[PDB]
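Breakdown of the fold
Read off the chains here:
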Amino acid sequence: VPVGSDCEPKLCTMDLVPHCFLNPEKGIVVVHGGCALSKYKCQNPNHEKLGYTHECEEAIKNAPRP
């Protein structure tokens, strides 16, 4: 899960929804689970979870495909 010293997992729910997020300690990071979505909004509530960016091309493989 995303944790660039901006937010820590102490209240969230897991899941199977791999999305793209931006980390202040890394950057482009794709992960699944409500935690990554909740924390992402906490660490950087001003950032926008990439859901159609050319950089999210990685999430294509990281995510479950048919």
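Structure: see above.
Reading the values: the criteria
- As a numbering rule, every chain is indexed from 1 in the order its sequence is written, which need not reproduce the entry's residue numbers; residues that lack coordinates are not presented.
- Hydrogens and waters are ignored; side-chain quantities use all the structure's heavy atoms.
- Disulfides are defined in this document as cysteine sulfur pairs within 2.5 Å.
- Helix numbering and strand numbering both begin at the N terminus, where a helix is a DSSP run of H or I of at least 4 residues and a strand a DSSP run of E of at least 2.
- Only protein chains enter the accessibility calculation, which uses a 1.4 Å probe; a residue is then buried when its area is under 20% of its type maximum, exposed when over 50%, and partly exposed in between.
- Should DSSP find at least two bridges between two strands, the strands are taken to pair.

Some words on the state of the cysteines
According to the stated counting rule, one finds three disulfides in the structure shown. With its sulfur 2.0 Å from that of its partner, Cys 20 forms a disulfide with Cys 56. The chirality of the disulfide connecting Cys 20 with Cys 56 is right-handed, given an S-S dihedral of about 95 degrees. Of this pair, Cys 20 sits in strand 1 (residues 19-22) while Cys 56 sits in the loop between helix 1 (34-43) and helix 2 (59-62), placing them 36 residues apart in sequence. Classification of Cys 56 as buried rests on a relative accessible area of 11%.

Observations regarding the pairing of strand 2 (residues 28-31)
As paired strands, strand 1 and strand 2 are joined by four bridges and run antiparallel to one another. Bridge assignment links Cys 20 to a residue of strand 2, and that residue is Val 30. Counted along the chain from strand 1 to the antiparallel partner strand 2, the turn is five residues long, and its residue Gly 27 has a positive phi close to 125 degrees.

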